[PDB]
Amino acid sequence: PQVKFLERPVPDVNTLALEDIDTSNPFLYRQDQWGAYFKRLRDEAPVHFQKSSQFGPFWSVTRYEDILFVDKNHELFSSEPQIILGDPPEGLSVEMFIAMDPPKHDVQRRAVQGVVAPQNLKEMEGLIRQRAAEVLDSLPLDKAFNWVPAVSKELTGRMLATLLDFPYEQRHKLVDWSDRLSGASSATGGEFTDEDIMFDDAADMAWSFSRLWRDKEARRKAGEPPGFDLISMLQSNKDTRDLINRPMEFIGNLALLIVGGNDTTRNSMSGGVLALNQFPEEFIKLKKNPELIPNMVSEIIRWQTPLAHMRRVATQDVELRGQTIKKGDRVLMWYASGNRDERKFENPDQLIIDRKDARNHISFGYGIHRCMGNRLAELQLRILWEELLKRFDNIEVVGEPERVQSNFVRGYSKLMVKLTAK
């Protein structure tokens, strides 16, 4: 049941009773209230029950420490049946291993893990660097342009096409299908309300992925050598040779990977540019010390936290910081709060590119569901920033960033950038 969320000014959090703070509001990030809202919960109600929202009753866990406890304890806090606050559109549910408990989760993850293993990422690195070079060489100088479509959306589309060996000139479909899956109003308070186009996406996605399998199956029978892409790898491994005979698992986990990498990588790419503009000393420091890029990528991902939360269901009664979460209660782990928790990160709101524990961020989560594409994400941002510093002396954000409506995605729709050449 899809709802067109209407933007009302969000109240100053100090003018509310604790019981009334609703973190499911998808305009908290846009209106720059998320910070104050999460600070007050961290300090006064770090394990907080909201009895009423558009999405029903849910708990918010906002302290770094408590997020680790919940994320680690998969047996107490199930990932089934969903991993977002709300529900997917009626009859348009997709079986992803992210929304799965062991042993089933482990089997499906093992089947697909190899594609983003550092060994296989080495095979792709040259192509990802080349496709990055092309886009950056195409950008206008001394002219403000929208970074989101031009670089972030573009590089992300290419990344997903590279990974799947998807028809390169149909790569916009992977972004479009991903946006409408993860941005459904019913799931995340996103802007997407049209369920007809979502049924179209399901048909278009099941067709195109079944086609890509058959095309690769033919080239292999024709004796062509297996490539570095996911379908090649799945067709090589004997467990996943007949994966097209498990259509739920096949389309589900293919959809999971594209949803997985889409907004996440894009908003990391946009977020990084903004973070270095709001903290101009960090950019001066990055240019003098470009060996900081790897750690900066960790700090950008901590600072952005592209996915605000992940949801779980208590499998039994669980005591947590003096609160009793009841069997069946929905629990949000607010990673966006944990990565700003001064109990872990001194000066948690500042971008510090040489932050020595940057890598201890929880943007990828923690435990058996820790991000499968972490290495791919870090690679793409490292590559982006290596290629940027080669070409550009300054990256100047102009005007105000426009932010996406969601309680799940922390993203940008517009980020106006002026480039200066070296």
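Position 1 is the first residue in the sequence shown; the rest follow in order.
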{"query": "Stretch exceeding the other in mean C-alpha B-factor - 139-147, 121-129", "finding": "139-147"}
{"query": "Mean C-alpha temperature factor, higher of 294-302 and 234-242", "finding": "234-242"}
{"query": "Given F58, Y64, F364, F392, the residue at which the Cα B factor reaches its maximum", "finding": "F392"}
{"query": "Selection by C-alpha B-factor (highest) of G338, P226, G261, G252", "finding": "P226"}
{"query": "Record-listed C-alpha B factor of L68: chain third", "finding": "lowest"}
{"query": "Chain thirds of CA B-factor: placement of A358", "finding": "middle"}
{"query": "Third assignment of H369 from its chain's C-alpha B-factors", "finding": "lowest"}
{"query": "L41 by Cα B-factor - lowest, middle or highest third of the modelled chain", "finding": "lowest"}
{"query": "CA B-factor placement of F77, once the chain's modelled residues are sorted into thirds", "finding": "middle"}
